[PDB]
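Everything on this sheet refers to the single structure shown next.
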Protein chains: 2
Amino acid sequence: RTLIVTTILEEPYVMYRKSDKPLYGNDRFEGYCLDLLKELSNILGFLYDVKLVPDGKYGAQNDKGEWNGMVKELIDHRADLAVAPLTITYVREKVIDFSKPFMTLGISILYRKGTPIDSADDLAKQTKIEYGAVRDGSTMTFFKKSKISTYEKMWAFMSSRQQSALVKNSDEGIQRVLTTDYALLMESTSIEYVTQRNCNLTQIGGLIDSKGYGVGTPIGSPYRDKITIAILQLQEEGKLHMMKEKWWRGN
Amino acid sequence: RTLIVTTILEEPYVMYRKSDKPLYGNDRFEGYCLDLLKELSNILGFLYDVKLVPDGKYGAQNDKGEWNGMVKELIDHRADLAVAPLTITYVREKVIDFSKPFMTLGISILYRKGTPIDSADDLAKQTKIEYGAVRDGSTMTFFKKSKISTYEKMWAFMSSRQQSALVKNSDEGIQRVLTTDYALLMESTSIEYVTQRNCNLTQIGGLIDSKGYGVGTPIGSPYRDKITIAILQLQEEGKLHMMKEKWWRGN
Ligand SMILES: N[C@@H](Cn1cc(Br)c(=O)n(Cc2ccsc2C(=O)O)c1=O)C(=O)O
Ligand SMILES: N[C@@H](Cn1cc(Br)c(=O)n(Cc2ccsc2C(=O)O)c1=O)C(=O)O
Ligand SMILES: [Cl-]
């Protein structure tokens, strides 16, 4: 059984290779998740076929309980695995299984170097330095749902300054950080990737929340626990570190 | 079925309550893991009986493949769950199952405030500031097994300065940090706990490795995936944050 692996284009996890050489099938792609998948294939001993999710979505539910994206591909048995920056969440575990996480990440702060600002508390208690998140993303939604007082005050500031404080996308937010007195709230993984590529930029404070990326499978898949085992081996033998360093480290 | 829960005394996860009031059974204990267990019990709907692991060990293997500690209790079906600061590891997954992690942690650096030192690379390339780990602990073993060049150089320094660089326990290491020009390599969780209680002390840099604490069960336990689900709900609804803050925050 050649496993069908659903995935999604997302730098640096999954990209098309910058080549016009005759590359076919899996060889068309590169990235952290391609390297991970290769390692998993060699530990477990499976053949695989990478297929980009047709609708280009991660996977969310509508009011009728209908799913889309990579999650739908798993539910429909049109993919055996989902290998992507795919968050292990309560709602998704209702409908698919996940390996244990190959990466753990949390919301943090992207800001300039050389300022007395050291935490989210430092931003919360002032208004001179503006801060926000990508509109309608996971990070904005976190602040919107939070009952923690300091993040409620932070959401109050973001929501009241809606037009300016919230950006269209991560690229816009980084530009806002680079050009204006602005701090962007974004996933730690993304901050690490950006700060490696922008020496004027830095992470501020630690993680504001916590979640993991895991390999998705249909409910009951006999590959799930095997993939957990392989992930633990890669973790312990320093290979996940090596793969992260390969893709994250800047000039 | 009242579940037997194996655990281990370890501040602030599991402690005896500072009380001479008539407290029996589970009520004798307090701590992060007791709070977690209470939440799990209320989500899943189980009764439970907390029993300290008789040998006071986490769980390791001998040459005959014989286990001890909480892992042995699970293998022997003398406990249904292990709820403790118990690391999810490749070797343990061979013999027990684990929920997804309720806490994610990594080796980091404990040092004084106000120095130009900002990372492990800063320590590695000098000898004036001495650094090390607890002798024969997980953190020392990491550096001993690492193939990463900067941690090989760090291990070289720790091993050559064996007598002084390596400490007997965490308490000794903290005292060495407080009294000498010394940086201690220790788990991020422990650093957070200590820095909340010592205003002169701080964390240096980020995580050097990554691992998770999970709830242990016997292989095939029908509680494992339910506990994962409960953990995800607690994570997403900010309750794990609240429980960590309850036990970690200092004066
Ligand atoms: N992990 C998410 C999708 N995903 C993937 C990546 Br990579 C990522 O950086 N993010 C974060 C993100 C994307 C758009 S806004 C935003 C945010 O953190 O605010 C994400 O939500 C999921 O599983 O749905
Ligand atoms: N998690 C470990 C046991 N354990 C528990 C806690 Br709390 C802890 O801080 N550590 C770290 C530790 C303990 C003695 S030395 C050391 C270290 O990090 O070097 C640990 O190994 C296991 O599961 O065996
Ligand atoms: Cl699992």
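Order of the sequence lines fixes the chain letters, A, B, ..., with proteins taken first and strands second; residue numbering starts at 1 for each chain.
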Contact leader toward chain A among B:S210, B:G238, B:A230, where contacts are heavy-atom pairs under 4.5 Å: B:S210

Nearest heavy atoms of B:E236 and A:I88, plus distance in Å: OE2-O, 4.5 Å

Residue [X] versus chain A: region with a heavy atom under 4.5 Å:
| X | result |
| --- | --- |
| B:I229 | both |
| B:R224 | side chain |
| B:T89 | both |
| B:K211 | both |

From [X] atom [atom1] to [Y] atom [atom2], the distance as rounded to the nearest 0.5 Å:
| X | Y | atom1 | atom2 | answer |
| --- | --- | --- | --- | --- |
| A:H241 | B:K147 | NE2 | NZ | 14.0 Å |
| B:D209 | A:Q235 | CG | CD | 7.5 Å |
| B:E93 | A:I231 | CD | CD1 | 10.5 Å |

Audit row: A:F98, B:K100, side-chain contact (heavy atoms from CB on, under 4.5 Å) steps and yes/no: CA-CA 9 Å; A:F98 281 95; B:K100 296 198 173 72; 3.8 Å; yes

NZ/A:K113: more than 12 non-hydrogen atoms of other groups inside 6.0 Å: yes

Heavy atoms from other residues, nucleotides or ligands near CZ of B:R249 exceed 12 (cutoff 6.0 Å): no

Structural part of A:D225 lying under 4.5 Å from a heavy atom of chain B: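 Just the side chain, heavy atoms under 4.5 Å.
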
Greatest number of heavy atom pairs closer than 4.5 Å to chain B - which of A:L240, A:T104, A:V91: A:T104

Test item: B:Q233 side-chain N/O and A:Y90 main-chain N/O as donor-acceptor pair under 3.5 Å: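 No: the side chain of B:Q233 does not pair with the backbone of A:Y90.
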
